[PDB]
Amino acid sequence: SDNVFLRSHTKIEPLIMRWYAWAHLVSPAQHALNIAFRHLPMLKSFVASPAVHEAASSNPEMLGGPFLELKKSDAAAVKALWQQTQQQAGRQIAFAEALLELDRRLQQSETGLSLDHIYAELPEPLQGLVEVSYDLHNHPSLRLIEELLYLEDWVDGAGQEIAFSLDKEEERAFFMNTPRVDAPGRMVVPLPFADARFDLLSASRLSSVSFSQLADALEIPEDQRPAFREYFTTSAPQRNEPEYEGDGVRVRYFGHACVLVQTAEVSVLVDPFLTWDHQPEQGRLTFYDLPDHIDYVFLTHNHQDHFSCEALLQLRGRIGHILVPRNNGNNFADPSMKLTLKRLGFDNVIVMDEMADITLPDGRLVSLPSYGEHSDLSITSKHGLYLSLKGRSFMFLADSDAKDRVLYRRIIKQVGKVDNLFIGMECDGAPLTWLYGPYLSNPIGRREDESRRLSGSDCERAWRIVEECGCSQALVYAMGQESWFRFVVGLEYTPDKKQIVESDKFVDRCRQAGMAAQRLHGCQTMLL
């Protein structure tokens, strides 16, 4: 009689070689580029002077910078992981080094003549995996045949683990800064993400599971099992109205860019990033407050604050279809989100082109074109969402930057007028290299780096969408102001920050036009 649930606040943190698993560590090409040109430099730089990294991590303004949030005591662990990563990922570092070295060579040497000679001189890690081509101006680009790369022998479950923890989410270290080294209260269990055993682990969130059977499946030493039992409880988790049986449309804003739309017949989840800590003063909606079945999960783009492998892995058997955008195969920074999801065990993945629609009970959903927020890189894995359910029209644009009002004019011509606009106002994002640094074979200038930021719409540009779509309500979302997103989004915005000032300008101009408008802060359940 060992039927146990996961404790409601037990966090299942997925780790790839102790680094928090975000999308680019799951796709192999970007993972190799991140091991060799992000993780190894930060780990080696930490070993040389741990004091340097605490000093940068102490200054809260540069919270996301390339420095570990670890302390001098963890020096032994960092150096060990740095050496472990050298031997474990030897094929990865050879691929990343060979891939970038090829890319530098082509820029210098290929000027418009035939590229047939290149395939003869391809290094072994790239042989049969890369196609060399030109644009219409004799600039070479490297196109990875990702489907063949995913079947390479070094694309395995090695390094994939899970970190059980009971600490509050505000305690999480930054996802790209800090590896999850061994710590008290943190129990790391080796487990491939696509493994069936994970499905048994995800079942214990909402359904009772035998503890000994689960601990046996999870290869848990019996000496460590008393400590592993701490993450489990006999009581079932409390859930705040997961289902909805009204004839209307219920929208639940779960924080940042996570918003669930629900009729009594369909559920649509946009950019799932959830919390497992309940805290009533903030009136949180948690992972448990989601319905048992989510018909459609919509992934706007491939950023860590909209693509949470932690949330998706525990929601695997509960998701009818994941809706993703198409990727640009000719760009290293744009891996296919299907495949990345396939490696996480997801085959219910629909790649949607622009203006592609799916018919839903009492309505439809359309994948909309989106511009920007990717440092002006030819990344195409971005799309907005038009949602129609029982007469109510919704448009979620996430961090899309409305550079061209005529684009949304053309969009409204097909999908019609929208009732509720969800727009993100992160208009001062990180520079290019903060995210796409390890993928650059040749470094970029600081003026170029600071001009192309991960920035969305400001007040003026967001007003273009409102004018074109004629919404009665405009909701500013995807601001990252809730507490449990600090470890992914960064600092909470003080009222003087441009993102808060511009957002305040936008809500005011909307109300001046006679619409309902607000900046979402804290979780909210709305009926409409």
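Residue positions are given as counts along the sequence shown, with the first one as 1.
The question of which stretch, 213-221 or 441-449, has the higher mean Cα B factor is settled in favour of 213-221.
Comparing the deposited coordinates for 32-40 and 48-56, the stretch with the larger average C-alpha B-factor is 48-56. Across the options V466, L475, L63, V501, the residue with the most elevated CA B-factor in the record is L63. For the set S109, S370, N348, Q279, the PDB entry assigns the largest Cα B-factor to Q279. Annotation for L15: CA B-factor lies in the lowest third of the chain's modelled residues. Placement of the Cα temperature factor of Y493 within the chain: highest third of the modelled residues, per the deposited record. Residue-level temperature factors show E152 in the lowest third of its chain, judged at the C-alpha atom.
Looking at the C-alpha B-factors along this chain, the one for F287 belongs to the middle third.
Sort the chain's modelled residues by C-alpha temperature factor and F228 lands in the highest third, per the entry.
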